[PDB]
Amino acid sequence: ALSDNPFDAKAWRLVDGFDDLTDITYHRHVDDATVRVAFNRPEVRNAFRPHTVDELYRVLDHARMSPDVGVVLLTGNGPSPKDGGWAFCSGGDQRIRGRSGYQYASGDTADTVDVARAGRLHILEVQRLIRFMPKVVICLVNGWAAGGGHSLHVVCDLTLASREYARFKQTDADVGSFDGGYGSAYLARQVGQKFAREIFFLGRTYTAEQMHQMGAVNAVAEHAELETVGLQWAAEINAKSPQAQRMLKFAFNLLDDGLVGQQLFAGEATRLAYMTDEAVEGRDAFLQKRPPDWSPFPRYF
């Protein structure tokens, strides 16, 4: 009766238009305003290749533009059919990593790499998409989270982790790589500079409880219940003012993201201003080629 798999097929439906997905799965909950986005290459611990990043971007972007979706659950499928091992995401697929970055290939191995096509590092675009979308993204760490996979959990708004199977391991420097952006600096804004430097410089494996104690993981859950708890967290988020939740996310981003953070938060303020009679008077005055009349609108202080 105890399931080894967090996924409950009865609770989830495929999303229309996404039959061609190979490296990623995308479900919408049967009742809730919540979607499930998951890595789908468990044979390589859910390592992503450039095509994986493209699918992940497409799917997250679709969720961003779905008005009836409030929360994204980001996770990994499994286990490995080869050894039963569990993974959230093991970062960039090393098999198709070249001197210019991760390269598109016709097959799974290095020999099928299109040598004419320069490599990319555009998981960074997925990071920004997660960061900038006006919806809460909750990472469900159901297994190994290593390299770029570790950095993905870091950039999510919230993280829940499997007690039995979550393993956090920043392996970047082991393979001569490094996430010098959100993966490292933003980790320091969750667990502090000392712990963050330890995690990267020594590359040790941490449990869910250890990461929770340090401040990068919000709560620990039983593996079988990880998505159930995820859905409960999403339900609590979706039960509040969506307008307030949106502003709050951009408020938490703002200063850390400089002018970009201000752009997003100020953008939402501009939308709020557009709803007002005062802004409509401004529009109407222009269209009617007359001076605007601001006298009904007080100078708040």
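Note that residue numbering begins at 1 and tracks the sequence as displayed.
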For residue 165, record whether it is unmodelled in at least a third of the other compared entries of this protein.
no
At least a third of the other entries leave residue 111 unmodelled
yes
If you take the mean CA temperature factor per stretch, which one wins between 28-36 and 46-54?
28-36
With respect to the recorded C-alpha B factors, which stretch has the higher mean value, 158-166 or 171-179?
171-179
Most elevated Cα B-factor in the entry, residues 215, 92, 76, 134
134
So among 253, 263, 232, 241, who wins on Cα B-factor in the entry?
241
Considering only modelled residues of the same chain, in which third does the CA B-factor of residue 149 rank: lowest, middle or highest?
highest
Relative to the other modelled residues in the chain, which third contains the C-alpha temperature factor of residue 81: lowest, middle or highest?
highest
Taking only the Cα B-factors deposited for this chain, tell me whether residue 236 sits in the lowest, middle or highest third.
middle
Determine, from the deposited record, the chain-internal third of the Cα B-factor for residue 64: lowest, middle or highest.
middle
Temperature factor at the Cα of residue 193, chain-ranked in thirds, falls in the lowest
